Amino acid sequence: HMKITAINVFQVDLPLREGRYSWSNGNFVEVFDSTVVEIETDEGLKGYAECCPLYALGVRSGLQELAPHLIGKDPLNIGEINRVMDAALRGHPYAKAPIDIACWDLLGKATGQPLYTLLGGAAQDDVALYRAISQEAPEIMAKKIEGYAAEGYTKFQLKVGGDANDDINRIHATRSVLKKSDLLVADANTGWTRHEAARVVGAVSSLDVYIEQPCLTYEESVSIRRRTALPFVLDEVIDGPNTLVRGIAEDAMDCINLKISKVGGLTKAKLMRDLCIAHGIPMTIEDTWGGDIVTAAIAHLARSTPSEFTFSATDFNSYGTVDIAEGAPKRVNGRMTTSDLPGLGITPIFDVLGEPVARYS
Amino acid sequence: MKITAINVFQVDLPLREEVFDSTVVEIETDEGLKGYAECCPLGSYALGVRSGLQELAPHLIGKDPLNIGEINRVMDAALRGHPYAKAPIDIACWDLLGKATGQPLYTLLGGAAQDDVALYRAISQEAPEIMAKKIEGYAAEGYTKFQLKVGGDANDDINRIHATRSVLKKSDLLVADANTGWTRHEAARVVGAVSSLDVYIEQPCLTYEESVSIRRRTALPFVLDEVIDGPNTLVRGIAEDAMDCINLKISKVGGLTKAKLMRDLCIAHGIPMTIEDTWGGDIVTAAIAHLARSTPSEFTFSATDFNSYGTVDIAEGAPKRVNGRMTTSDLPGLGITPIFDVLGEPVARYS
Amino acid sequence: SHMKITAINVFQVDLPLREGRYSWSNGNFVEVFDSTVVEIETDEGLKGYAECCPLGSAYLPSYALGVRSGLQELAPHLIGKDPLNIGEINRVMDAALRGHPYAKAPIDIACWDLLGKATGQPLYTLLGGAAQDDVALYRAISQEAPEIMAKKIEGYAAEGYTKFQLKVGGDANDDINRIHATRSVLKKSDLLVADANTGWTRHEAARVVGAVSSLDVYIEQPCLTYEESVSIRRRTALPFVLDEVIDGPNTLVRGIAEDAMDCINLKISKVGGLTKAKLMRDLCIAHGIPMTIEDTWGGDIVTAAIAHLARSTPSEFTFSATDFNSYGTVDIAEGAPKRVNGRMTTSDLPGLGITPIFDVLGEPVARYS
Amino acid sequence: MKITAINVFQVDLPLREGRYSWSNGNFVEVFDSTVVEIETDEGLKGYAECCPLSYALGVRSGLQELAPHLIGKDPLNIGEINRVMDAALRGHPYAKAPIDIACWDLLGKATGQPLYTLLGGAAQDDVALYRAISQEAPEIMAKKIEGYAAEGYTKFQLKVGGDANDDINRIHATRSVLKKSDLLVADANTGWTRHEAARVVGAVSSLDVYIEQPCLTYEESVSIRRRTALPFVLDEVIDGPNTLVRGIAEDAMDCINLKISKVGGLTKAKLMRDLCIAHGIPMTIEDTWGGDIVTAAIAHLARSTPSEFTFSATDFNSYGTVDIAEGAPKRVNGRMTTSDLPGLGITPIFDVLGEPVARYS
Ligand SMILES: [Cl-]
Ligand SMILES: [Cl-]
Ligand SMILES: [Cl-]
Ligand SMILES: [Mg+2]
Ligand SMILES: [Mg+2]
Ligand SMILES: [Mg+2]
Ligand SMILES: [Mg+2]
Ligand SMILES: [Mg+2]
Ligand SMILES: [Mg+2]
Ligand SMILES: [Mg+2]
Ligand SMILES: [Mg+2]
Ligand SMILES: [Mg+2]
Ligand code: NI
Ligand code: NI
């Protein structure tokens, strides 16, 4: 019955409290380029979503190539929405994800149900958080991590995947300033070749640390997994159910990181999440980056996941200084929760969103 | 919302052509909405459905029926196995979720992918002229997919499969379902002797290991049923290339929550499903049709209209066969309403 | 001369703990177990007995109900059957009911008890012959503060126990402390098994086995599934034990072929009775796999079954057994094994060699005839 | 109860057909069988028989090593009897088997039970029989198989494993004179290399036949298993629980042949049988050869095996002309059964056995 009448695309800068974020391969960003999507219906309801990769041009040009073909369609038939887009455009999961998420928001609004119920039921009241720690000098990384620990975070993900020696130093320096019970993940974001990775995991093999996504490919990464007894996490190479199943059958990892937009939206993320639970694979529920609306999606998928299989999530809104939505999850002593309001539970602040850089109708 | 009572009904389901013991479950909430489901195994086994529900129910009073993930965790913690007792609880909660959200089940299961769905016809082994006349009638009402029961004497089964393949249109599909009835050596002989027929082989043996042994020796399209009992065994089969299709029985796998996950895994790996259950009346058939409607045609080998095969209607708003196919309404939940005159008084109440 | 089953009577009995509470993985705990005793009556006047006691409280509706409802569903199919034809008994049960190994186990064991009585032989002979006069025992150590686990272990080692099963599979960091603390209080020759009872995910298990890699400890059942456990197996050089996932000869065969473990625990009732347990036992011997002979829990009648199976296992392949009856406060049968200096034996009386104490078992909660 | 004496008897078993021939040009006209009798201090006696396909001299000199170690021991403790035998003599299943079997007979006698009850319980009232067909000219094997079919036998093992071309002709000639429902196993008894086996199974691929033990080794035999769609049987390489488990785990066969004496006695055979049942593997329950006493053991093991997993048994006593015991199984219409008498249920005809050829006390 309900039909999509317009898709609007908004652009908003998300600056960083820390001023810069840096990771593997020397990459950095000072101000993130976020895109918010609004889907309007013929019955007054509107759905929202956000995509913010580490790219933003591709999100918006991707949306150009997808949106016109969704006009008139039913936003509540989420399977059919996804079918159209996949038939419309190869790849571009970053353009696809916000359409999918905005449709789930509409589904929640139309049904009067918060997303965690619609994603399978509330499995936990609130959710464990990690803080990502930008790639810098070892002693600076150590200092920032003490700060965040003092705010109540108990899980941390270092951005290594730089020079191998540098990273050995970074992992040592940060592990040394944490308390025993705090959890430290070294996330290379693909920045090592296997001989580099071998040297890093060799030199930290007695540290209480997790090794995450050492190399670019699945095969290179498994080569590392087979040489360490340290608990091991795959992230970028797990982009859908097929690669996930393969990694499960082949014992390629102990945990995965699930980036909602990278895998193409909530529909896909949910499938992977249900698969993992079935095989005892805990997940970090996150995304590439974002603000209030990205954080809301994260928190709803996470709350619908048992604590047992939530390794961690993160709260991207607190990393930035610009608020783009009201009713977003907030962090209290290192943990996040949501309200029980319908859909994502959020209300965009149109004054900061400004004018839509694109309309489709 | 809170579950305030679980009531258990018994109903005899006679066949048109001997009587099955079906169980219907009603869940009542402190808000007036009620959820329904049905479970009917082949039979004995109905006792276990009702004893399982007896063991489950007390743990569910007070719970939020809409938190379907929590309902399932609670059931799995209280009781091991018994998928036939867990399944109607799960489905009745899905029906409540539809009711509370005013959405048909196919939408809540991921969205309508098919306006209506294919069915299949089991072909009784009779004199070749009686078969051929029935086939003409089946073909006239839209049927193009057919099944025969095998899994008995190997040489007899070889004959039956040849006989039945002969009387069908070349474009018709034929599935030989051994229903686990063969040992490895029997199965090898049968699939060996029909290697040049356009036939599917379904569930030759009792276990996964035995079935895989047969799989590795035949090029014929290969279907597993009984041994694919959950997402875990499914992923095993997927990774080991143990089968081209499956038969998905909603109750045997423990409900829609589990069937849905299995359904999505199959889609992702190009594995079509026969979507049915062990048996049932109107309310089992509704669950089947909603799940089949949320599956694309490409991955629906067929569904089944069990209610066509009985003589007692137990719910209104049920799916109905028209011209070899079945659909659902868009009413909330399963879209059915039970006919309580037929169901009788509860055989059990929990509160 | 063809003996037939005339009735099945089912008794319920509470079994409290000397220690007051027993705690294991996932924050599970019990203070009073809910045990079931089965009595198989025959037209000759001979009776067979068995006990089954899964991990659960008499004070909540738990797994013991499923033992008793499973017996309810089996019983009608057993009336008139020949209980000495144990193969047929098991075939009749499997046809009647899927799963419910805890319901089927005591019927099988009670039929063995009847075979022993009909033949005048003790179970250990019918199960293959006495290979040991008495059997080494381990003590299960409840999951608590490391200091309390360490202190209880010292007490039990002083009573003569030389082997121990820690109940870990809680929080990983706690479990690391528990394993160090308890290993430290035991002489080198005492054996220490860290039994997770499926209580860890693989990343948790990886951290724990990495942190105890240099201790003389065994790691048992780290994770829920076979696949998750084998992933831990491949990353540790420590001796490795499987338990819950070895539910029968088929998974046992799989684990042997794939080098998934160095030892197993054999829980008689969980595998579905002495007939299944014996097959698995003999297969273990042929492949050089030591076994812990045990059960989920129980009192004197469980303990008798354990003792007979253990006695019929060569010492070389008996990693241990346990005497569940000395963990509790309530005696339910005469003629049961009694630990002496960390070991138990049996009498040569026919069958299990036990006679229940009906003052304690009370009135049957069900009779089927 | 304890063993007070062990007597060893020798008896010639001639063939009704005058000769039996099998792979590699082998043949025998008169079998040299050994019967063991174990005396106890209570006056009960246990009996067994072993008759391998010289081998007999091996059985008897093996017993010469074993028996003295058993005087004084408890024969109802079958496990301890076996352990004493294994610590005395490495290998020699044919020498150990009749001891193990004779103790099972004693256990039956001491308990008042027939062996089929002590081996696990009656599973069939009577059992299907096959006739072994001697390796001769095709038309001779064909004429003999017809006569045996006329007597009621519905199953047959050809003794092939000779020249490949001859074997192809044998298998064609015999298949063609049988009713459709009769089963035909082509048993090469290891007599082919794999190029020979490949030609044979290629040439008979459209016949309704089973292929048994084509080659000497497990590895060579599996190579044939993977090439053919025909049902496949292993025999000689399945010599114990360990090779059986390897075969099961590797999907090396659809059925097995279980030779009681070759695997070391009823104890090991029961173990193997019970494992075969668990994994859905039907068995041919047999032995190398023998008279009435070997037959009684076969029949008791067959009777405690469900019909579904009894591919067949054979009644060796009907192949020969010398009766050595009363109470033995007698084939009636291609089936045999046992009485319910205790133990093996037989009593040796001492008249036929003659004076013991060895005595131990
Ligand atoms: Cl049908
Ligand atoms: Cl008695
Ligand atoms: Cl010739
Ligand atoms: Mg690099
Ligand atoms: Mg990452
Ligand atoms: Mg018609
Ligand atoms: Mg069959
Ligand atoms: Mg089927
Ligand atoms: Mg845990
Ligand atoms: Mg254990
Ligand atoms: Mg040759
Ligand atoms: Mg042979
Ligand atoms: Ni593009
Ligand atoms: Ni039950």
Side-chain angles (χ1 to χ4, degrees), chain A residues 280 282 306-311, chain B residues 13 15-17 20 40 42 118-124 134 138 143 145-149 175 177 179 202 225 247 249 274-281 284-285 288 302-310 321 324 326, chain C residues 23-28 143 167-176 194-208 221-225 228-229 232, chain D residues 21-26 135 159-168 187-200 213-217 220-221 224 236:
Chain A
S307 181
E308 173 76 349
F309 304 113
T310 311
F311 189 66
Chain B
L13 287 191
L15 289 167
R16 276 177 58 102
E17 46 184 355
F20 289 98
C40 186
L42 293 162
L119 305 169
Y120 76 86
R121 196 71 205 195
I123 289 169
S124 306
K134 286 188 171 168
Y138 301 148
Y143 284 107
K145 297 158 179 264
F146 296 100
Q147 185 200 242
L148 77 148
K149 165 205 109 93
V175 177
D177 191 350
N179 293 284
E202 171 165 345
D225 180 345
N247 191 296
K249 296 197 193 338
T274 291
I275 300 174
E276 58 180 16
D277 210 336
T278 45
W279 201 254
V284 162
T285 303
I288 290 163
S302 58
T304 110
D305 51 328
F306 282 116
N307 55 359
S308 298
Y309 296 85
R321 186 177 85 229
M326 167 162 90
Chain C
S23 302
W24 66 102
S25 61
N26 291 298
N28 284 311
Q143 191 179 289
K167 296 295 140 182
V168 284
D171 167 277
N173 293 339
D174 291 341
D175 282 339
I176 288 164
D195 183 8
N197 325 267
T198 78
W200 298 319
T201 60
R202 40 193 130 168
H203 75 98
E204 290 181 291
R207 290 182 64 250
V208 174
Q221 204 49 75
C223 305
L224 259 168
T225 66
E228 296 168 277
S229 297
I232 307 307
Chain D
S21 310
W22 68 100
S23 64
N24 276 304
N26 296 319
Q135 191 177 103
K159 297 299 137 161
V160 290
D163 174 273
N165 295 338
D166 285 337
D167 286 339
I168 292 170
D187 186 352
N189 327 274
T190 80
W192 299 321
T193 61
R194 47 201 137 133
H195 79 103
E196 286 175 292
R199 295 180 59 240
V200 171
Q213 195 61 58
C215 313
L216 275 157
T217 68
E220 280 167 294
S221 293
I224 302 310
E236 277 70 20

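Numbering of ligands and ligand atoms starts at 1, following listing order. We name chains A, B, ... by the order of the sequence lines, and we start the count at 1 in each one.
For the 3.5 Å distance criterion, the side chains of B:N247 and B:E276 qualify, holding a donor opposite an acceptor. Of the N and O atoms on the side chains of B:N307 and B:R321, not one donor lies less than 3.5 Å from an acceptor on the other residue. With no hydrogens or angles considered, a side-chain donor-acceptor pair links D:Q213 and D:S221 at under 3.5 Å.
The distance cut-off of 2.8 Å around the Mg ion (ligand 11) captures these protein N, O or S atoms, sorted by chain and number: D:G191 O.
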- Message: Go through it in stages, so that I can follow the logic: the residues are C:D175 and C:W200, the test is side chain to side chain contact (heavy atoms under 4.5 Å, CB included), and I'd like the CA-CA distance, side-chain angles, deciding distance and then a yes or no.
- Response: CA-CA 10 Å; C:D175 282 339; C:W200 298 319; 2.9 Å; yes
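With rounding to the nearest 0.5 Å, the separation of OG in D:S23 from CD in D:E236 is 8.0 Å.
The shortest distance between side-chain heavy atoms of B:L15 and B:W279 falls below 4.5 Å.
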